[PDB]
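Peer 1:
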Amino acid sequence: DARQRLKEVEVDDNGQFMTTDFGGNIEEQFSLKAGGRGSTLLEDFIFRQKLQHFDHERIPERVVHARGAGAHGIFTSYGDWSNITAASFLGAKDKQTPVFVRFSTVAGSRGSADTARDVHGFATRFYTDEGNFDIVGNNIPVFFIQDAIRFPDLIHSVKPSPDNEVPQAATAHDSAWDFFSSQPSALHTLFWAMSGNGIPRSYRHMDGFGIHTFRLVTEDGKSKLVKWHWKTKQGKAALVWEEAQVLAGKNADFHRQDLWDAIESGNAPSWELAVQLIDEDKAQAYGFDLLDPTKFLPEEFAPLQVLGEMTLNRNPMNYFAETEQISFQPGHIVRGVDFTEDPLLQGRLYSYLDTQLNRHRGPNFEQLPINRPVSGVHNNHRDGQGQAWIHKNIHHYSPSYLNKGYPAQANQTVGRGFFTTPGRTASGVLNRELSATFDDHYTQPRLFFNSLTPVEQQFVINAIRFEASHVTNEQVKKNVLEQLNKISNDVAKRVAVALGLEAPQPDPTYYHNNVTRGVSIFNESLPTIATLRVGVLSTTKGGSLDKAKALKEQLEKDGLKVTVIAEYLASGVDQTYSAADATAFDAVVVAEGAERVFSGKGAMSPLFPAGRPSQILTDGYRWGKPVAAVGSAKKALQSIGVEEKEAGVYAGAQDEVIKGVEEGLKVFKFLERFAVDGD
Amino acid sequence: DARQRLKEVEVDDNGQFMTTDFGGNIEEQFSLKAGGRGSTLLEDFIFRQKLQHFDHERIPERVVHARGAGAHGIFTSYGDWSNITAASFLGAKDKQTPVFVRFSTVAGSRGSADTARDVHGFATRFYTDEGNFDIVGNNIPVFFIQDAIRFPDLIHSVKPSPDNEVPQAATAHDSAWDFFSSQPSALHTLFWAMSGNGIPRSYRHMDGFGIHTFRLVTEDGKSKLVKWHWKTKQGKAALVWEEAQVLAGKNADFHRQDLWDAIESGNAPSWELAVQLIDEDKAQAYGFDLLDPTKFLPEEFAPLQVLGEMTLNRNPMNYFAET
Amino acid sequence: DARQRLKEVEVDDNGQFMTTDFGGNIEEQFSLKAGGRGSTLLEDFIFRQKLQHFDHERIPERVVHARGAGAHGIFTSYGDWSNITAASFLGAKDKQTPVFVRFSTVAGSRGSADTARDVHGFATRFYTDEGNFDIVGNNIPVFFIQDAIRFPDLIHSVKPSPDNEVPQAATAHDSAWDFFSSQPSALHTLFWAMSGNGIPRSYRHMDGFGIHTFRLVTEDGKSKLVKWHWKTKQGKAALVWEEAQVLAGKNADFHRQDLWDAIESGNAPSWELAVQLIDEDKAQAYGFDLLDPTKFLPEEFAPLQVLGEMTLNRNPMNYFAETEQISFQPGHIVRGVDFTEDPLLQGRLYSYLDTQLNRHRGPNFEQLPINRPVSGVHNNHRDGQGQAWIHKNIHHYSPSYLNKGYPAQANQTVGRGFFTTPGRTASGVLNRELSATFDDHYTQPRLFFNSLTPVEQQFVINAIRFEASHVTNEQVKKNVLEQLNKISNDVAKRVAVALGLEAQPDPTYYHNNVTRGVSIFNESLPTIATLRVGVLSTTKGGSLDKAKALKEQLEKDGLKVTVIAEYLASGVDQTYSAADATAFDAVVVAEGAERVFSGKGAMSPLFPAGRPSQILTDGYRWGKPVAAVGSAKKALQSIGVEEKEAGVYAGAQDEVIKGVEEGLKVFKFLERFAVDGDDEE
Ligand code: HEM
Ligand code: HEM
Ligand code: HEM
Ligand SMILES: [O]
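Structure, rendered in structure tokens:
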């Protein structure tokens with residue numbers, strides 16, 4: 038149980054009498070009044086203690102990544118990695134460390150939809166026996182900007198316009214694309230966010246990245262440069278944009294509910310922790326500067342080396358107390374890890390400590406149960422708002438004869454203390470500059486686009502076409518085109534058509550044809566289909582529901598979550614047509630006999646919106662899902678112009694449809710149904 | 038200009054050099070570093086004052102009605118209403134008073150969709166020459182509960198489940214319908230929320246209500262019981278649910294944008310402020326108790342009297358500072 | 038151990054390496070620098086997490102009573118008092134309840150002197166098994182004002198002038214006496230604050246009062262009006278003003294050190310809890326309205342009935358986490374107690390809950406270890422800043438099918454819930470007035486003055502004389518005279534002399551009635567344990583050996599003895615440079631030490647000129663028992679004190695010890711203070 042240490046703060050109210058927050062049993066369903074129909078009395082202490090706590094329930098949302106959700110789990114080290122790091126949680130084979138992970142979007146506020154297009158947070162806390170260690174990462178290996186002093190500019194430009202606070206959770210407006218084109222460093226992360234990484238199927242189907250180069254340091258101070266990677270054991274999977282848009286309205290909680298259900302049903306998601314390791318003398322060996330967070334290291338130059346596996350298997354008990362209150366910091370570092378002179382990382386260390394003072398309005402937020410380390414806290418800090426401990430040592434200072442030297446200093450040689458890498462040097466003038474080594478903003482965007490499949494590439498261009506079409510200012514649109522033309526002339530040409538703008542002339546300076554592995558989503562089928570969702574469209578008339586139940590029980594044997602849909606909640610029905618939408622499922626199959634709700638009288642009913650069964654099948658087909666029909670239900674496929682000939686379309690008897698749908702879920706998205714420019 | 042008094046706090050940055058918050062011109066696109074590829078210095082005061090302000094930008098959202106938008110306008114009285122109220126802003130024909138109005142949903146958080154099904158808030162401030170007078174109303178004339186001590190119970194039950202914070206901005210989950218069925222007073226507002234009032238076409242196409250019976254008092258202390266009504270001059274209009282759902286994803290800002298567009302286009306929306314007036318000795322004469330906020334007074338028993346008109350004709354300049 | 042429940046939050050750093058607040062061993066004595074003499078690096082996470090916690094150490098002081106100190110203890114009931122109250126902590130003989138008590142002044146900020154002249158706070162929390170019950174009282178039984186809405190006006194007027202923030206911790210300025218004269222209800226508390234109650238010898242030598250009439254209610258709902266009293270088992274004792282003033286400079290921590298020392302030495306102070314009980318139908322039957330907080334109920338009309346005893350026997354471990362952070366509320370009420378329509382108490386209920394939001398900057402302050410009840414919290418409250426728990430019940434609302442009805446409602450008959458007194462009614466028009474029964478502002482101030490001894494009365498007149506002479510505005514001073522004249526023409530006449538104003543009788547409220555239990559100096563102390571004796575000695579000759587034997591015998595009687603000399607020779611507790619008469623309750627010159635009172639021994643680089651003579655002079659002039667052993671008689675002579683004066687003891691060691699211990703019971707010798715008319719020719 039990853040949540041074991043949280044047991045002692047849990048409050049059980051079963052069988053208990055209602056109390057105030059200072060004890061004493063009460064009733065609190067009636068205000069105290071002066072006469073039968075009289076005014077409420079100030080002396081009603083019960084009312085005011087209850088309402089005061091309600092009145093003050095909210096705390097400020099995170100300044101970025103406000104929308105998110107998380108879970109507890111366990112990290113297991115695969116080996117004794119003392120040859121590369123002194124870090125205790127990586128110090129022995131099969132060593133286990135509790136974790137908590139919070140996934141998120143970036144731009145939207147607390148209540149915005151999970152399926153907005155956005156970068157995604159992927160933040161992990163290791164509660165190691167030598168302190169909390171956070172990898173505060175994203176699902177994309179590069180960031181928009183090269184210096185942390187520019188983060189407010191990026192965020193302001195992406196978040197809603199400050200006059201009317203429009204639009205919510207979206208980069209599709211003038212200020213964002215004005216920034217993207219005025220600060221060309223942003224073009225790499227933008228391309229990733231315009232790819233499938235911007236609309237992932239779930240948190241469980243994301244890879245994760247620390248982005249920055251850090252340092253791993255051994256006991257003797259020798260260091261290696263390192264990139265952190267999380268490799269999902271579920272495989273990477275993405276939606277298509279037209280599907281994410283509807284899903285945002287039909288279920289804004291799609292991702293947080295997906296993670297909750299996977300854990301609750303015993304299908305805990307897993308990620309392997311992997312590293313790229315680079316010697317210090319190769320920091321600038323690979324065509325870019327590893328201090329530059331707008332570049333990633335191609336795995337051709339440094340393969341991913343697996344160090345262990347993380348499994349998330351415990352949901353929180355109270356979302357606010359745990360998920361909302363947890364306070365991540367890249368400065369949560371432990372012995373055996375160090376920073377690098379990455380100018381974006383450098384400013385993060387300041388920003389995350391400082392921002393907790395706003396979100397928690399006090400300096401004692403690390404005493405909150407979800408923030409507490411398991412290893413013990415011994416220092417001379419005292420007081421502060423909400424001080425929750427009582428310190429014995431009255432000589433709260435160092436050095437001191439009266440406390441006998443305790444708490445005592447720890448460094449590299451004694452007490453397993455943290456230490457900065459011994460060899461790191463400073464040299465040169467104090468400057469407000471960036472190294473000329475950072476100046477290439479176009480090569481790696483071109484490399485990323487090169488390494489996607491043709492329809493994957495078309496998804497990127499259609500995202501850009503959609504987004505830039507919302508930009509009202511003509512010059513900004515031409516600025517965007519001028520910058521895309523430096524990445525690829527064909528990309529600029531294809532986007533220019535949607536904007537009604539001329540195809541610009543080639544600017545070949547940064548063009549190249551190289552490819553790299555591990556960045557594509559749609560070029561690989563899923564390693565498992567467990568937890569994927571099948572909507573079975575049925576009907577309460579005839580014998581369709583009995584067949585739908587048999588279909589359901591077989592699909593569940595493969596670990597799928599199957600929803601039987603009909604006009605009303607008859608026996609065996611999981612959802613009504615009125616509440617159903619194709620966005621909820623990874624495959625749609627029509628049960629035999631249910632073709633009666635796709636035309637005529639069965640399609641016109643007061644119990645669901647007109648055309649709803651046909652709309653679900655149409656949606657599922659057009660969004661690239663496996664779609665199927667059993668027996669006579671093939672007529673439902675005919676009614677929407679779909680043929681069994683097609684990839685990802687299955688008809689025939691039950692066992693044939695089951696095998697086909699299950700194969701199709703491995704493919705997940707059938708890109709044959711998406712037109713490519715000049716195909 | 039309804040916003041006339043706010044111009045002295047307006048700050049124009051066109052044509053100026055970047056400064057810190059304590060003055061002095063600066064550049065702030067590069068951190069100070071110790072060497073060409075070096076670490077950032079703690080003595081970069083420019084960096085820290087810039088990032089500290091960004092780090093501290095957010096304030097807690099409203100505990101309810103967190104999702105909303107507003108605008109400025111003018112209220113004009115149609116008459117000298119001194120025979121029923123001493124209220125200064127109603128004391129003369131054609132008297133004008135600045136207003137600000139915020140419209141909202143109730144359950145959803147700051148970034149939830151405008152076209153969620155919900156009660157809608159309709160909060161009006163009159164900046165009168167005798168103090169601020171707020172009518173903090175909804176687009177539905179009745180409320181769920183009969184005693185304010187039960188508000189945390191109602192709100193907890195409708196807002197997302199506290200274990201996983203699901204579902205956003207929605208009554209369609211177990212705890213809400215548990216409460217509606219366990220606290221039967223809730224059924225009136227429920228029915229209103231399940232009608233077109235729950236999914237309006239826009240803020241301009243809603244009516245508004247103070248809900249509670251209040252009192253109008255004259256100079257010499259004579260009182261009448263009063264119900265406040267806002268009657269939209271744009272007409273009431275609503276969507277259908279299957280459309281509001283898609284709209285929640287296609288444009289979460291639909292109502293926000295619609296209000297902004299109408300004002301900027303010169304199509305300012307208006308409402309008439311109207312009252313039902315009841316003698317004190319009739320507080321219990323109409324088949325219910327006028328102190329009970331789960332009931333409305335049918336207009337057959339007391340028709341509306343029109344006091345004046347409000348027009349919303351100026352959008353805010355900074356959403357945060359104003360709305 | 039009354040602190041037992043707090044042991045789970047205590048942190049032991051002995052034998053440990055230094056860490057950050059998120060774990061990980063560290064060193065934090067050098068900033069991380071870019072080169073040997075380089076600038077400090079922003080990536081020094083150790084520096085910033087260290088200094089951030091330092092930079093955010095302070096919280097707002099209390100808006101009033103900012104200055105004070107407290108301790109843990111035990112309350113023991115003397116009986117089963119369910120015949121008068123359903124309160125659990127009073128439900129069985131020898132039933133014990135943990136307490137915390139904080140004493141305080143009122144006007145001064147956090148770092149002002151203990152021995153300022155002021156009303157004093159006396160706040161007790163009972164951690165009962167049916168919730169926290171607080172009695173938030175003062176060492177004076179009456180308050181300045183009759184309606185809580187006037188509290189900011191009173192407090193603004195006695196706190197420093199808002200232009201220069203002058204004066205600190207004092208009523209002796211224009212605005213305060215402008216308010217006392219403009220709002221005559223304040224005159225009663227003013228007289229108490231001008232008496233010994235304003236300058237008590239220690240927290241342990243104060244009585245305590247709930248002030249308000251409350252209600253005790255039995256299980257069946259029958260009620261009685263009640264006044265709470267704390268009666269100190271150490272006796273009431275007070276300083277004189279000219280001594281309190283010097284003490285404010287020589288030791289601003291005099292009272293909090295007193296309490297800490299008494300508890301550490303095993304002399305835990307005690308108070309008895311006593312009540313006055315009044316029938317509901319007699320609320321207005323004793324010459325005033327018992328809803329009026331400017332009145333007290335004379336003990337001749339209703340005697341004190343002891344319910345139990347409280348003993349304070351454990352100091353805090355961390356002052357900030359316990360004493361500074363504790364949040365008292367008169368709304369901290371339990372089953373068996375109820376409020377009254379006293380308009381001052383009424384507004385207090387709102388104000389103490391509200392002010393916690395400012396001091397603790399969040400609504401979860403009852404989760405702080407010092408504020409937590411011992412009885413258990415079960416409700417549907419959630420979230421809030423700094424939420425320290427993780428609630429299991431996901432159906433956080435009532436009523437509810439899904440949560441099976443839990444947590445469940447408790448009332449009078451089910452679950453031992455709180456209930457308002459059943460017979461209480463409201464009748465009449467909603468009003469912004471006060472009952473005309475509150476109108477008399479002068480009778481009880483006169484009753485209080487009438488009940489003090491002649492020198493005690495002179496202390497009151499001399500305090501007013503001192504204070505009003507600071508008022509620059511002439512009309513304010515005359516306004517003060519006119520109001521004083523309504524209490525007593527003689528009092529007004531004697532104050533007028535100091536102010537140079539003219540002395542006519544206004545007899546509407548004059549009377550000669552007296553009542554018991556309001557004087558301090560008319561009764562000697564029941565014990566001299568913990569009282570302090572300064573033994574003045576010297577390092578030359580045999581004086582020190584004699585002073586040690588003197589100290590030994592005095593300590594056998596429970597006295598705290600300080601032997602003083604030129605330097606810290608063996609057996610010396612304090613140097614003359616560091617000593618002052620304010621620190622002691624009696625001053626004894628050891629034999630041989632007369633050499634430091636004149637000639638060569640009195641002029642030394644090791645202490646200020648004349649310091650031993652000044653300590654003895656201060657001690658005598660301030661009414662203390664003073665003594666000299668053997669030849670040290672000459673020291674008394676050098677300051678003009680005669681051996682046979684009251685409270686002056688000369689002779690051999692044995693008679694001096696006996697005389698000093700007897701004089702400590704008297705405590706202050708009031709024949710040394712002139713009374714108006716004494717100097718007449
Ligand atoms: C490689 C670049 C970055 C990555 C991978 C990243 C990732 C993240 C993630 C995952 C979170 C959400 C943590 C959670 O779930 O609670 C977050 C929040 C935050 N980020 Fe970043 N971020 C980056 C850049 C920056 C920069 C440059 C700044 C400012 C200099 C910044 C300031 C913040 C702040 C203030 C928060 C809110 C933290 C809180 O309120 O607890 N981020 N970031
Ligand atoms: C007739 C019944 C009610 C109506 C018409 C109503 C209306 C509103 C409206 C329109 C707002 C948002 C105003 C804005 O745009 O900022 C609001 C917010 C709020 N309401 Fe109500 N409400 C009702 C019942 C209650 C009750 C019973 C309580 C608690 C006792 C309550 C507590 C609050 C609070 C605390 C806020 C947050 C206000 C702020 O943060 O500024 N409401 N209400
Ligand atoms: C009989 C009248 C009163 C008595 C006996 C009394 C007593 C006390 C005491 C002893 C304290 C300090 C408790 C501690 O040591 O922490 C205190 C604080 C305080 N008092 Fe009163 N007081 C009275 C009148 C009032 C009134 C009328 C108000 C306002 C309506 C008021 C407002 C406050 C506030 C706001 C605090 C600060 C509490 C905190 O910060 O925790 N008091 N009072
Ligand atoms: O971030």
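Chains as they are written, first to last, in the entry's author numbering: chain C, 38 to 716; chain B, 38 to 360; chain A, 38 to 540, 542 to 719. The beta-carbon is built from N, C-alpha and C at its ideal position, and this holds for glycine as well.
(1) So, with DSSP's three-state summary, where would you put A/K598?
(2) Measuring only between beta-carbons, confirm whether A/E403 sits less than 8 Å from chain B.
(3) Where A/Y387 and B/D184 are concerned, what is the direct C-alpha to C-alpha distance, given to the nearest angstrom?
(4) Starting from A/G657, trace the beta strand (DSSP E) in both directions and tell me its first and last residue.
(5) Work out the CA separation of C/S307 and C/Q271 for me, nearest whole Å.
(6) Any idea which residues DSSP pairs C/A445 with across the strands?
(7) Between the region 193-211 of chain A and the region 417-424 of chain A, can you find at least three pairs of beta-carbon atoms closer than 8 Å?
(8) Would you say C/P406 lies against chain A (beta-carbon separation less than 8 Å)?
(9) Is the separation between the beta-carbon of A/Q313 and that of A/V254 shorter than 8 Å?
(10) How long is the line joining the alpha carbons of A/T480 and A/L489, rounded to whole angstroms?
(11) Flag B/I315 as yes if its beta-carbon sits less than 8 Å from any beta-carbon of chain C, otherwise no.
(12) What residues of chain B sit near A/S472, judged by a beta carbon separation below 8 Å?
(13) Taking only three categories from DSSP, how would you classify C/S464?
(14) Going by DSSP, what residue range makes up the beta strand (DSSP E) through C/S260?
(15) Per the DSSP calculation, C/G235 is bridged to which residue(s)?
(16) Going by the CB atoms, is the gap between A/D379 and A/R252 shorter than 8 Å?
(17) When the Cβ atoms of the region 316-332 of chain C are set against those of the region 231-238 of chain C, are three or more pairs found closer than 8 Å?
(18) Rounded to whole angstroms, how far is the Cβ of C/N175 from the Cβ of C/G158, which I believe are closer than 8 Å?
(19) In the structure shown, what three-state DSSP assignment does A/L191 receive?
(20) Quick one: does residue 541 of chain A have its CB under 8 Å from some CB of chain B?
(21) Need the endpoints of the alpha helix (DSSP H) that A/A688 sits in, please.
(22) Measure the C-alpha to C-alpha separation of A/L644 and A/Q591 and round it to an integer number of angstroms.
(23) Could you compute how far the alpha carbon of C/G637 sits from the alpha carbon of C/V571?
Peer 2: Looking at the atomic coordinates:
(1) strand
(2) no
(3) 20 Å
(4) Element bounds for A/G657: not the beta strand (DSSP E) but the alpha helix (DSSP H), 649-659.
(5) 7 Å
(6) A/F54
(7) no
(8) yes
(9) no
(10) 15 Å
(11) no
(12) What A/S472 touches in chain B: nothing, since even the nearest Cβ is about 22 Å away.
(13) strand
(14) 260-269
(15) Beta-bridge pairing links C/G235 to no other residue.
(16) no
(17) no
(18) 6 Å
(19) helix
(20) Coordinates for residue 541 of chain A are lacking, as chain A steps from 540 to 542 with nothing built in between.
(21) It is not in any alpha helix (DSSP H) - A/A688 instead sits in the beta strand (DSSP E) that spans 686-689.
(22) 29 Å
(23) 26 Å
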